[PDB]
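Chemist: Sequence isn't available, so here's the structure alone:
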Ligand SMILES: [Mn+2]
Ligand SMILES: [Mn+2]
Ligand SMILES: [Mn+2]
Ligand SMILES: [Mn+2]
Ligand SMILES: [Mn+2]
Ligand SMILES: [Mn+2]
Ligand SMILES: [Mn+2]
Ligand SMILES: [Mn+2]
């Protein structure tokens, strides 16, 4: 109904985008491959299927390989839809969903008989997909050409109204998970118990999550890419960090929340100050401003928190210029969000694919691109107590400046990250995460 | 300590098998590659890791890519063990578990720094792994030679005592899952709720499962490769079929049970009668018998049930000779079980790789090989009410013989399968599943 | 094959222990004598053969005298095997059991032709055996020296996985006995019929039993060391108490069960709660705990049962404080079990041999030693109505605290003992008896 | 009542025998020790009690150690009777049996205090017992003096009218036993099953048996000291050799029978012929004939059977001269029987102890002594096909003579032995075995 309608402009929007770049590069159209299931070595099991982002761009079909889109930006889009008819599979209906009518559908019953339903002459058609050799075998010659990719990847930054609804919906699901996650941390459950409380509340499986959820207690908070889910709970609960999203129609939420168990004490106050910095950095988004500048203001804000709590025995500004903040805040402030979690385009200046330079002493910044309307961002300010980095700084001459007596008090809490998913409109911001009553 | 003691003899066995086939095929040794992480197309997210079965045949390291085993059956096996030390990950400990003692362990910090740690001259070493291009770049020319793969796959039928213990231990975990899934069925939970109770009880995540679990309610029970998990319950609970295992040290369990929701009933009775055949089929495993024959026996048994219950209006003997049983029982009785769920060597007559022909009527049978001691099997007799297969039979000259009214009564219950994991001993059968008092 | 595989580590372990103690005490090795058959005074009949425990420690040859072991913990163990070849006995083919390969076996034809095969200079060998006058005669000087006996007896508490499997296997057999014995009790069989049913089911003779079975009906249950087997049944069957085990490869089961003839009654109730105390006392075994204390914990469990059943008219705590419990429960809770029923090392705190003080309440205790993993225990809590012991309590201060009217009610039923055999693991207890599903 | 009256003559008959030898050797009397329970090496378990034959020659007390008889052959004998009073054993009744009134009974409650109930001056008393060390401690100087031993042993050959009833009561029991044994053989029971049917029917334990029953099937029959009891039955049933007795009041039976499973064939005929010969040997007992000759007569009969059946080509008498009957009949013909199975005196010429010479050909014989009245005997004529002896025969110049094709047809049946317990009278014979109609 609501989403169904917003889709019509989605198509038109893409249809145009296709026309522009097809006709510009001398192509008669694109052929976009959802992809294939990957078989495990020597085995008859498969890896969980992951759809070509460039395919699901067009429609919410994320769970079906051997699917093909042919589009030129002029003719109605033709879709080749894998619907096999074996007795061991639930024979699903012919596509009668909202997106169906917007495509010329042909049913493919066996993955090898595609070679007939694709254009006879594939000399001016671009294959957009992973399986290069499977392409060649079919007749294709042009395969993922950089101008088409660079161009398509630039305009992915600009979401249609359909996309923006999808992302809103993804956050709604995620937020529900986060509440169930939070509640089981206060009951004293294990990492494993929490992860499965989240999945339970989202009503999504481990493999539907758009990224592997990070569910950390105590020290594990500090570990940024903490994958493991400890089945037994710790002897004592101090801190809980969860970074977990959800899927809707190919679009990802991405929400991080840190919690103190005692709701009081130095760590409790540390999160609340960081929250203040987060929300502020959340509102600082506006078109015209380069994303890199918010990243510089984040280091400024952390430096302040490090000064005020006497983790570092220096004024805010001296902490920044010395390069100390990077030990406690080693990662980007955030990134574009959408079909892919770390979404495409966030480094680009123009549709050619030209790189937008990163600032000051942060040459690895994820998202540096000029903020515009219809762009969706993450805001992930972090403050961590990581041993390997604290160890590296201990060797460095800055060692004298660090209050190690304070650091050691915090190590059992691990660290903090707070992440929201923000839409930038023309004269307003839509904090999708905070608009849904998640503290 | 028990597992540890069995493991010395595991190494001795594999060293001997390795010495036999390397000598036999003119090889100086062989190099077994754990595998790599697969990056998703155009993305920075990866697929879940899946260790090379040939790698995990040696030791229970299933979570670690960029690991290499160099082995000739005479020298102490060399283990190149991936252990990166980055600040965003929890530093893993140097391998110190029971198996470490049995390998000369060198640590590998960067995957591409492996060049220096493999044999200088890879002339007569066979690479065993998925990643052929990498093998070539490193200088290997022999890769997965059929003679070696066939030999190893043949002898994988004969479990060491180490392996049988692993498999036992796997069953033990899976049963905890089965118990919890059953209880939540009888409390009127959804397919999803059930699945997540299984995960909760076994304390293993979705991707730790040896295979995608099948959690079906009522009508989904007839769908053999049912993968979906309905978040919402059906309105009325009739039947529940769960086929789900567990991992221990790289060895799978593989258990199916069917339940009726009501205490009693027609389907209730069909379950227990089917259960009676499954036990008897389980007991009919005896060395020097061709598995194929038990499959034939299964068809006889399934016929008797179809006759007795008045689903088909013929005597059991007519039902087999008319071909009717296939419609209700279309798959194999079972398979070898081990490192792989459909384990290697199961179609083999000898260690060259030569096929053992299956029975005339069912030429698509999995397990055809001569039963022997120290082999582990499944026994999955089934009776399903499958639409596409029933339709097909309504077209044939057997339509008159089917009680379509009684077939319609059962359709809401879907189908039945009951699967156990049995080790075959010299003068006894150990039914790992039933020893654990699951019912 | 399972036990065969475990044996390897067994030999290793014993070798290590031998080498440790033989070096420590300046011994070049030790000689371990199986024993001899004892002739009956003035007769040409012999007593039944009872192999030296120190001999069977190494291998399961328990029915052969004139066998010798020479070991230093380093060189391959020598076995002098007695193999007489006269027409009047069945000459079995040379040793080819799973243990053969581990020994340099030299055949002995005549027991007095052994001096040829033993070390010429016996100065630094210790003789371990009973037959001292034979030791001296062959040239031995050191015999059963305390330093060595003590060491071997201390580490006998730590069972190899082989030894644990042996002990499980003995329980398997014993349990078959207890079922048959229980059954013929309920069929109104005599003590003699029960015994012979036990032997019939265990498929072991009287002389193969690791101890003289206790098989007691009615009032005989009150007699702790009841060796008689009354051939005619009593007039009424009230109670039955069987303490009986089995042999496997030289290791002992030691199970006790008591039953009421009617399933109902007060005595019946008493069994049920004694059972519940016995189970709990079973689960209370833990590494880092003096068995001593578990003995006391029993006493207060016993008192509570006497309180709850109007046998003693005091609150639990005072009952144990007076010394009332020791009349109804006049023996130890249990003992180490292994090669010997009351296995060695039970009361030592160190491998020197020095004692482990019993609690202040009782200085009679068999087993006082600090519990650890890979140690096997009996839990024999009991409550009896012995006249003699009740007669002494009549002649003391606490005489007017007892319910003589209630005691006479129980005296037809004799008493209760409930004995299990439990292996202590690191983070679990394995109750061998109850794992086999004898109630 | 019946044997209660024959006891007084028994006592008296001994009182004389004593007086005679005590007077003659100049001793004030004898002290006869029942014995002691032997402790197992390093253990708290004991061997089963075996009573001093000399102690049980007076009365039937076979179950009780630490009993002492003081007897001079003049006064009424004294009996120290072990009667402990502890809470772990049944306290039995003060002797009130048919022998108690003939002894001045003194009660012993603790073995340690026996040197106070015995004579002050032990200088002129002989200790008769096994425990030479315990004697010295008590003060005895004379121990087991040969003149006395030889005398009592000589006269043991002459049974009192009491002793002859006892051995009649033992034979009654054994034969019930033997019937069960035969029945379960035909029913296809194992050696173990047969043995326990025997013990069940006799209502006596293994250790109550006067000797180790020999229960042999098939090829085991050829084995003379076959002690094993095979728990599983053999493939096919052919033959069955049992040699098992019983006990009454310290007096042994000793009966052997052989059977054929088919009641027809050549082996069935060989038994039948051998049992005629056996009965004819059992009738050829006459006072005044030296047993030595019966053996020779025996050897000449077996010879006949070896010529009749084509085992040996030669005629009866040549067989005997060539010495070849010692290959098929290599043991004695029989022996005196009483308190001990191979009873005392059977090699003695007179009461001094001088040995009666055995027949020239066979110095290796038990019984050589002249047959007289009141002397009980065994006749064990045997024919066996023993590989050991038949190997010694084929490597001599008598190979040619025997029929090797024929022996190989009998080897499956092993051998034959038939044994009866006969009282020799003045003008009659009393075959106690066959008088109770066992065939
Ligand atoms: Mn995130
Ligand atoms: Mn993010
Ligand atoms: Mn299966
Ligand atoms: Mn399965
Ligand atoms: Mn015990
Ligand atoms: Mn016991
Ligand atoms: Mn005999
Ligand atoms: Mn005899």
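Modeler: That came through fine. Numbering: from 1, shown residues only, chains lettered A, B, ... in the order given. Ligands and ions are numbered 1, 2, ... in the order given.
Chemist: Give me the domain ranges for chain A.
Modeler: Domains of chain A are assigned by curated CATH domains as A:1-156, A:157-439.
Chemist: The first one near ligand 4 at all?
Modeler: No. Using Cβ under 5 Å from the ion, we find that domain A:1-156 stays clear of ligand 4, coming within 12.1 Å at best. The way it works is simple: take the backbone N, C-alpha and C, and place the C-beta from them, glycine included.
Chemist: got JSON lines for the domains of chain A, with distance to ligand 2 and mean neighbour count too?
Modeler: Listed next are the domains of chain A as JSON lines, based on distance: least, Cβ to the ion, whole Å; neighbours: other Cβ atoms under 10 Å in any protein chain shown:
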{"stretch": "domain A:1-156", "distance to ligand 2": "16", "mean neighbour count": "17"}
{"stretch": "domain A:157-439", "distance to ligand 2": "4", "mean neighbour count": "19"}
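Chemist: and of the ones you listed, who's closest to residue D:305?
Modeler: Closest to residue D:305 of the domains of chain A is domain A:1-156 (Cβ to Cβ; 72.6 Å).
Chemist: Do me a favour and get the end-to-end distance for that closest one?
Modeler: Distance between the two ends of domain A:1-156: 24 Å, counting by Cα to Cα, to the nearest Å.
Chemist: Run the chain-centre distance for that domain.
Modeler: Centroid displacement of domain A:1-156 relative to its chain, using Cα atoms, centre = their mean, to the nearest Å, is 22 Å.
Chemist: Any part of that domain near chain B?
Modeler: Yes. Using Cβ under 8 Å from any Cβ of the partner chain, domain A:1-156 reaches chain B at A:35, A:38, A:40-45, A:47-48, A:50, A:52-54, A:85, A:87-91, A:129-130.
Chemist: can you list contacts of stretch A:421-431?
Modeler: Here stretch A:421-431 makes contact (Cβ atoms under 8 Å, 6 or more residues apart in numbering or on different chains) with A:159, A:164, A:167, A:171, A:253-255, A:282-283, A:285-287, A:337, A:371-379, A:420, A:432-433.
Chemist: what sits against residue A:211?
Modeler: Neighbour list for residue A:211: A:245, A:252, A:254, A:341, B:45 [criterion: Cβ under 8 Å, 6+ apart].
Chemist: so of these, which ones are in helices?
Modeler: Judged by DSSP state H, those include no members of helices.
Chemist: In JSON lines: those residues, plus distance to residue D:109.
Modeler: Converted to JSON lines, those look like this (distance: Cβ to Cβ, whole Å):
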{"residue": "A:245", "distance to residue D:109": "88"}
{"residue": "A:252", "distance to residue D:109": "92"}
{"residue": "A:254", "distance to residue D:109": "90"}
{"residue": "A:341", "distance to residue D:109": "91"}
{"residue": "B:45", "distance to residue D:109": "89"}
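Chemist: returning to what we had before: Throw the domains of chain A into TSV and include distance to residue C:401, thanks.
Modeler: Converted to TSV, the domains of chain A look like this (distance: least, Cβ to Cβ, whole Å):
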stretch	distance to residue C:401
domain A:1-156	71
domain A:157-439	46
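Chemist: closest to residue D:439 out of the ones you listed?
Modeler: Across the domains of chain A, closest to residue D:439 is domain A:1-156 (Cβ to Cβ), at 71.4 Å.
Chemist: Tell me the secondary structure of the closest residue to chain C within the stretch 151-300 of chain A, please.
Modeler: Going by Cβ to the nearest Cβ, chain C is nearest to residue A:232 of the stretch 151-300 of chain A, at 11.7 Å. What DSSP: H, G, I helix; E, B strand; the rest coil gives for residue A:232 is coil.
Chemist: Check the spacing between it and residue C:127 real quick.
Modeler: To residue C:127, residue A:232 is 53 Å away according to Cβ to Cβ, to the nearest Å.
Chemist: Then residue A:225?
Modeler: Distance of residue A:225 to residue C:127, given as Cβ to Cβ: 66 Å.
Chemist: One more: residue A:320?
Modeler: From residue A:320 across to residue C:127, the span is 83 Å (Cβ to Cβ).
Chemist: picking that back up, could you pull up the residues touching the residue of the stretch 151-300 of chain A closest to chain C?
Modeler: residue A:190.
Chemist: Distance check, it against residue C:47.
Modeler: 57 Å.
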